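1. Please work out how this folds:
(3 chains)
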Amino acid sequence: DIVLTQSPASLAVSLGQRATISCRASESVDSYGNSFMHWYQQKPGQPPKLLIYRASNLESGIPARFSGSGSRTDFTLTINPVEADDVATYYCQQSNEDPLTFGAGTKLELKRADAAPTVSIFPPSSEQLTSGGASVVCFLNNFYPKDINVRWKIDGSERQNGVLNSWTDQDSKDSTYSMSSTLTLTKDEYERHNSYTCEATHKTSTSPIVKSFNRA
Amino acid sequence: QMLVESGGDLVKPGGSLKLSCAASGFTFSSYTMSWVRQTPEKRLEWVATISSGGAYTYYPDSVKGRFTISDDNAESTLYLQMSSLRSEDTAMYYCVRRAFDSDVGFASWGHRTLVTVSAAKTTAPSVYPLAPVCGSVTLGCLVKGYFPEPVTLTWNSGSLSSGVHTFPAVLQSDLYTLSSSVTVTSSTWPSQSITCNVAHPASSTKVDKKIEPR
Amino acid sequence: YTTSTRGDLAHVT
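-> Residues are numbered from 1 along each chain as shown, chains lettered A, B, ... in the order given. See the structure here:
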């Protein structure tokens, strides 16, 4: 089979500058002088969107920012300049040989300005306590970069076990990220202690954003 | 263009499942069609292709002999018969219009239908209202312990789209957990009703938890 | 030709 190897698994570029994504094929994707390589743009919750067909042909409706070039085995997708709504995962695909194969994809993220997280701690729901469980949620909304740190503190202690995290995809408008840290415990252990803390260490501030509550 | 695929469901390994795709707005009979899926790892994989008349069918070796792409040009519907299902078949199946005269790649995709191939049983989710230290106000919703995916979490029936961050479900040993934060103004809550809503199709669950202050 | 003879559109005549 023909394997498609895409350069930059992920690429971070500033708004207003160009991006270059490569796609190398293990075998020629050419036939009859035409290159059967295709480029797609996939945003979260939506199916791939055709940007360029046959290496260099711009699909109608697609802004001129996008352009394609290459032949035989080496291909390139160029976004110039990169706009805020361009954040997505780009895939290359060959249709020269059966079976048709796709590249692993290249996630494009915008180098937006630094922004501190908006931490919000949420104690266990009364309804959840009836089930014998106790999850303390902590939302860290709108921040950049993606790399952040959450350290849970139960009665001053740094609880390491039972933390289920989840990051959202970079927002298409403000170019920020959001994170949810969840410390899951049993109701018995939850009632054993009193103070629950959710600390957020980020590059925007030396002092971590502490958010806690006294159980009552 | 306008491809609505259906039939996605949780099936046991080695089982069978058939997918459908309603094509409307164009002359379906003249177009070559295809099925393309996307694994949980976000990997795009071509599944099958069938000619306008249905005489020519193409399938990758990992799918050939188990999957069968066919179509009904009378009612304009594309089909995908899946048999001897494997764990690797777990993916989002997109109905794609392949071509007419030229190879223009995959120009029109459907919104997809999720097919989950697992031995785990269907478990209904537990929706929990997340009042802040209820006392701009941020609120939250906890959908814990459910299988399989997905769930449709919405705020105020969709009328509340501002400041909503619905986080990706994380798998905690055969059971997913999804969260969502809605950030509104102090004059909007608890003054107005903000209802933490959820819906799980696999279990026929439809829970509406109202965010009540603490 | 805008279609390949080794692909999934080889029937496309």
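2. List the contacts of the spatially most central residue of chain A.
-> Centroid check for chain A by CA atoms, centre = their mean gives residue A:169 as the closest residue, at 3.9 Å. By CB atoms under 8 Å, 6 or more residues apart in numbering or on different chains, residue A:169 lies in contact with A:44, A:87. Every C-beta, even on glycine, is put in place using the N, C-alpha and C of the backbone.
3. So it: helix, strand or coil?
-> coil (DSSP: H, G, I helix; E, B strand; the rest coil).
4. Quick check: phi and psi on it?
-> As for residue A:169, its main-chain torsions (degrees, to the nearest 10) stand at phi -80, psi 150.
5. domain parsing for chain A?
-> Per curated CATH domains, the structural domains of chain A span A:1-112, A:113-215.
6. Using JSON lines, lay out those domains together with distance to residue B:87.
-> JSON lines is the format used below for these (distance: least, CB to CB, whole Å):
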{"stretch": "domain A:1-112", "distance to residue B:87": "20"}
{"stretch": "domain A:113-215", "distance to residue B:87": "23"}
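7. how many neighbours does residue 6 have?
-> No chain in the question, so chain A it is. 19 (other CB atoms under 10 Å in any protein chain shown).
8. Please refer instead to chain C.
-> Neighbour number of residue C:6 under other CB under 10 Å is 12.
9. Could you do residue B:66 as well?
-> Residues near residue B:66, counting by other CB under 10 Å: 15.
10. which residue packs closest to it, ignoring adjacent ones?
-> Of all residues not flanking residue B:66 in the chain, residue B:84 sits nearest, at 4.6 Å (CB to CB, 6 or more residues apart in numbering or on different chains).
11. How much space separates the one you found from chain C?
-> Distance, residue B:84 to chain C, using CB to the nearest CB, to the nearest Å: 23 Å.
12. Touching, that residue and residue B:67? I think so.
-> No: the pair residue B:84 / residue B:67 is not scored as a contact, 9.2 Å apart, by CB atoms under 8 Å.
13. if you count what's nearby, which of these two comes out ahead?
-> residue B:67 (21 against 12).
14. List the contacts of the more buried one.
-> B:35, B:47-48, B:59, B:80-83.
15. Could you rerun that using 6 Å?
-> Residue B:67 makes contact with residue B:82, according to CB atoms under 6 Å, 6 or more residues apart in numbering or on different chains.
16. hey, what's it bridged with?
-> residue B:64, residue B:82 (DSSP bridges).
17. Restrict stretch B:156-175 to CA atoms and write it as PDB.
-> These are the backbone C-alpha positions of stretch B:156-175, laid out as PDB (Å, rounded to 0.1, in the frame of the first residue of the first chain):
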ATOM      1  CA  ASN B 156     -31.400  25.700  27.900                       C
ATOM      2  CA  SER B 157     -32.400  23.600  24.800                       C
ATOM      3  CA  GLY B 158     -29.600  25.200  22.700                       C
ATOM      4  CA  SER B 159     -30.800  28.800  23.500                       C
ATOM      5  CA  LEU B 160     -27.600  29.200  25.600                       C
ATOM      6  CA  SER B 161     -24.600  28.800  23.400                       C
ATOM      7  CA  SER B 162     -22.500  31.600  24.900                       C
ATOM      8  CA  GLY B 163     -19.700  30.700  27.300                       C
ATOM      9  CA  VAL B 164     -20.300  27.000  26.800                       C
ATOM     10  CA  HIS B 165     -17.300  24.600  27.000                       C
ATOM     11  CA  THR B 166     -18.300  21.000  26.600                       C
ATOM     12  CA  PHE B 167     -15.200  18.900  27.300                       C
ATOM     13  CA  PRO B 168     -14.200  15.700  25.600                       C
ATOM     14  CA  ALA B 169     -15.300  12.500  27.300                       C
ATOM     15  CA  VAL B 170     -12.500  10.600  29.100                       C
ATOM     16  CA  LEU B 171     -12.700   6.800  29.500                       C
ATOM     17  CA  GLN B 172     -12.500   5.700  33.100                       C
ATOM     18  CA  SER B 173     -12.300   1.900  32.800                       C
ATOM     19  CA  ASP B 174     -15.200   1.100  30.500                       C
ATOM     20  CA  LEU B 175     -17.200   4.200  31.500                       C
END
